[PDB]
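First comes one chain, alone, set out as structure tokens in the form deposited in one PDB entry.
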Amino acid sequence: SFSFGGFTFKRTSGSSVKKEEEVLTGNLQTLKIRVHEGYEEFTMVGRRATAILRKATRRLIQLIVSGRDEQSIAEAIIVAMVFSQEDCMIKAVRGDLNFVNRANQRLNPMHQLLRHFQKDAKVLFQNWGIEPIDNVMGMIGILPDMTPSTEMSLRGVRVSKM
């Protein structure tokens, strides 16, 4: 297992290899990130939310999340979206990320991205994409404004009851 964003990730299937890669933000800033290449499935376990995640290289395929309340579920979703390394997440950074402030000198770009969206996730959520759902019993869709829906949801994301 390993820890990212306050969650313990445990791989349940698949595998990956690591390599450094450049990516471009919405403000055309170049970031170097360690990309994981491979299809993998994980459990994500936090103190206030849990999830099942399926991902491929820089793609979130499925996230089923449950938790105490909207704030904890939203935080899990943010951590999963950043962890996915998806282009739409990188492109949702619309101004420059600061690496020079003394308090940011030991954050790698993945952790700079995470902090950015923890401060404010509106642009992330509005640019991720939505899809119609054929709602499954015991689950529900979640919209970009973090309200529930039986008709639409953030792409790949569903909320479960505890």
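Heads up, when I say rigid core I mean the largest set of C-alphas that superpose within 1.5 Å between the two forms. The numbering used is simple: start at 1 and walk along the sequence shown.
Same protein, other form: the form deposited in another entry, not shown, and the subject of what follows.
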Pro148 C-alpha shift between this form and the one not shown of 2 Å or more, rigid core reference: no
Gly14 C-alpha relocation of at least 2 Å between this form and the one not shown, rigid core basis: no
Core-aligned C-alpha movement of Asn98 between this form and the one not shown reaching 2 Å: yes
Comparison of CA distance in that other deposited form with shown form for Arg115, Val100, at least 3 Å: closer
Note on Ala74-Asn104 C-alpha separation in that other deposited form, which departs from the shown form by 3 angstroms or more: farther
